[PDB]
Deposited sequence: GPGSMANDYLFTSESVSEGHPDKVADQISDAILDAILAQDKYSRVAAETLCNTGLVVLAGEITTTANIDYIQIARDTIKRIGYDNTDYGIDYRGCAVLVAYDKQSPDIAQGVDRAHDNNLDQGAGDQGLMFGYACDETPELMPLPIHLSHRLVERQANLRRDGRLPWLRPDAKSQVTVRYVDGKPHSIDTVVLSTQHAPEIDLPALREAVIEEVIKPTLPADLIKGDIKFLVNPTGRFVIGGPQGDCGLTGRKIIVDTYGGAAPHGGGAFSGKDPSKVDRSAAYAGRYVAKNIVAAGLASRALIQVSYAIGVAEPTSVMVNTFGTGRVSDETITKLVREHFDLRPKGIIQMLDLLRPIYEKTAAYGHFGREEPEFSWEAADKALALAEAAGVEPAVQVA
């Protein structure tokens, strides 16, 4: 079968909103790391709206931080409407999913991993001036052929990128295929039936907020597993680590990744859920899709013994009170093994393998 995922660059209007939301979070967290933050962003042609709920001692110039963020991405009236120990109960109810699999060394499903890499690549080539006619907004779609339930080839890659008006399509499409697409695709998967569609709907001069309204939390599938796993619904950006929407999904990834790196399974899906004002999850379950070496329920039991899934437990486990979140807000929260991203360390793998037998 053919399976497809997608990603967007840091310049996509929705990601502009996510990154503004998280730039603001990091600024707050730099001064007062215990702050409660629920920062929502809407951005438009002439308009940025910053809303949601904030509790802090920090003093931030929210407008300057939005402008700095838009500047760094590469591109307004501003409306600011904020309303400004381990047994602590969850601040809200909800469900969260974590996932991992052996399709890549980072233990992410292939299609979303390639999709993120394609847009990261175009941003890299923009910012180092190799393709100086590139502009911020970009979109990738990668369709992967599976045979034997394992990746076989890459059927189609679609990449649309914003660009300066001075360049013609023919040369743009050739440049993107040769410089963006081909180098990012693993050679073992590249075969005769590979289709490259670059800028299928033609000229793409106007991009970002100026071309299309963007909102925080509207790329939650691009942020996570690109369609390879179910999702609980919660957005990440703008939320401090006391919000289980973010902390529990991050812990889910940690758990799932450690189960697979432990050798317990070749893939692992974990659902967690919370009730408001209750520390222990209302539910936890692990599904290994028939690939587990020990029963899913025993893995579920091991998860409880080896990870602290209580909200403040997870903060302490992944050391989350750090201004590290603007970096999370483009190119996927999962699958990038940066030092800051504590949820990507397989540092419980050996302990899990040992406990299982």
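The deposited chain is incompletely modelled, with C-alpha atoms absent over 1-8, 84-94, 104-118, 392-399.
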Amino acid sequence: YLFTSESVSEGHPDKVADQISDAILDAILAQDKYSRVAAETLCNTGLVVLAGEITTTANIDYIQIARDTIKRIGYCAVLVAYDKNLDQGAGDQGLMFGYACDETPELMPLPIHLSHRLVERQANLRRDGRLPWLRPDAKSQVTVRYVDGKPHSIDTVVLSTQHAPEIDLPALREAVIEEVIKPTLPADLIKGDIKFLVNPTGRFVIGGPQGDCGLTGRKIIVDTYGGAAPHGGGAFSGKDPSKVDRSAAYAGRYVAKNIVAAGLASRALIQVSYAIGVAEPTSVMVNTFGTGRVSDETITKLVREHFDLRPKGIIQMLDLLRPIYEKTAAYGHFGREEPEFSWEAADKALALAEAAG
From here on, numbers count along this sequence of modelled residues.
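Mean C-alpha B-factor is higher over 52-60 than over the other stretch, the pair under comparison being 52-60 and 288-296.
Averaged over Cα atoms, the B-factor as recorded in the entry is higher for 342-350 than for the other of 342-350 and 10-18. When the Cα B-factors of 199, 224, 282, 115 are read from the PDB record, 199 comes out highest. Per the deposited coordinates, the residue with the largest Cα temperature factor out of 207, 109, 277, 98 is 207. Residue 40: CA B factor lies in the lowest third for its chain, per the PDB record.
In the PDB entry, a CA B factor belonging to the lowest third of its chain's modelled residues is recorded for residue 137.
In the deposited entry, the Cα temperature factor of residue 232 sits in the middle third of values across the chain's modelled residues. Among the modelled residues of its chain, residue 254 has a C-alpha B-factor that falls in the lowest third, as given in the PDB entry. Sort the chain's modelled residues by C-alpha temperature factor and residue 125 lands in the lowest third, per the entry.
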